[PDB]
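In the form deposited in one PDB entry, a lone chain appears below as structure tokens.
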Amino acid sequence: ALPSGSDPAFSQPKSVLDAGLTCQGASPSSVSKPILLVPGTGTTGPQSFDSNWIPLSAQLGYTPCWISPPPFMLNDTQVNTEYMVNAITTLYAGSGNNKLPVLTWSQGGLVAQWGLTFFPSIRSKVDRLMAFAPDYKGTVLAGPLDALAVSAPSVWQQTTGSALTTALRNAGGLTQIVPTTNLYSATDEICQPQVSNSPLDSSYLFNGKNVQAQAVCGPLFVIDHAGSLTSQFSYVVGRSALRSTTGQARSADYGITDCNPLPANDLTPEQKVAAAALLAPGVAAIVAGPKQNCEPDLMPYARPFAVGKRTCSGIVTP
């Protein structure tokens, strides 16, 4: 079974977590049809989604809301998760105690599933999860942990073999917790392995709606890590997931004619340009950002699930 009982305490003050949450045109305590957007590594909320799911979710009738954990999602993924959990609590109450969808890119999906795994209170407040290129198993493209160059805290934790991904799995987090759709690509140049269309894939969750784009669009279809978020194909799948009565996208809602890898058709010209360039701010943030030679320690609520792994203060013990 999943962790149960009370939510772990936050390491950050509620006022600090509140400061990282924004909604377009409303206060979080009084917002109509919010959607919470959780960004990828090296970016803010606006940097991940200004060119795609902020205008697209508004056009679908949602008020776009987002978190921007500092610095640019490079800090401890466990802290980035505090921003999300607090945001869901606020937006749920602020919209009349109605569940809301969560839509994520890259690390953002790892953050969402970490939050659902270890903070039980939000399970009843997240209507559904729509994750684009989530790296629940991390990525093996960064190399093994013992050969990793100095890297940001969350980059360590997204490396396959990390204590964080170990703990997520052992606490039960590789199974969906709310109705979840995962859209990913075998041609992902950041997160691998993704080629099997099977539980080996880093984006796969048991009992979830697992959509490898090539399984629908064919082997020559090509979308990269950012294109998994921004493409017109991704929009049709995401639209299906957001509207489905089951909380998961449905194969009947999309098909081979939707297999367009370019930025979503409804985006403005300026937006399409920014969507193609989505990654560049992330790389600049990683050059200027924190770097260390070890993986951040697991917080107490997660430590018992990765006994034996090595973090900055040493080997995790029972």
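Position 1 is the first residue in the sequence shown; the rest follow in order. Each form is matched to the other, and the largest set of C-alpha atoms that superpose within 1.5 Å is called the rigid core.
The following text describes the form deposited in another entry, which does not appear among the structures shown.
Fit the rigid core and compare the CA positions between this form and the one not shown: of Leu242, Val216, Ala186, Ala142, just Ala142 moves by 2 angstroms or more. Relative to what is shown, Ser68 and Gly143 are closer in that other deposited form; their C-alpha atoms differ in spacing by at least 3 Å. Between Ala147 and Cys294, the C-alpha separation grows by 3 Å or more in that other deposited form, relative to the conformation displayed.
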